[PDB]
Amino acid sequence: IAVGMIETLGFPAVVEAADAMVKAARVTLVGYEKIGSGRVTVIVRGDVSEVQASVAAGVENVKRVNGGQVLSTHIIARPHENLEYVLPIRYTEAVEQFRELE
């Protein structure tokens, strides 16, 4: 169950990134992380090939944000279980309904 991530500079772009990712494939948006200096990341979980398609769409679609900018992106095909318990990449009760349709 891969994890996919798009970090942008600026909030409107991260919202476009989120929207494009879940529309382009069967992935679940599981969170949004702010780390300062305007850098915010959206995080999806799903089958790796779905996640790869999501992230590509997300990256492409930030291009249509006026002032949007992608700072970094990464996919991990098979994240180690320890990561879920420390980093905010885990599903929450709030998004359980979407994890279903994957």
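Residue numbers run from 1 along the displayed sequence.
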| query | finding |
| --- | --- |
| 22 to 30 versus 65 to 73 - which carries the larger mean C-alpha B factor in the record | 22 to 30 |
| Mean Cα B-factor comparison, 7 to 15 or 86 to 94, giving the higher one as deposited | 86 to 94 |
| Given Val44, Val59, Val40, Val48, the residue at which the Cα B factor reaches its maximum | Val48 |
| Chain-wide C-alpha B factor ranking for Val55, given as lowest, middle or highest third | middle |
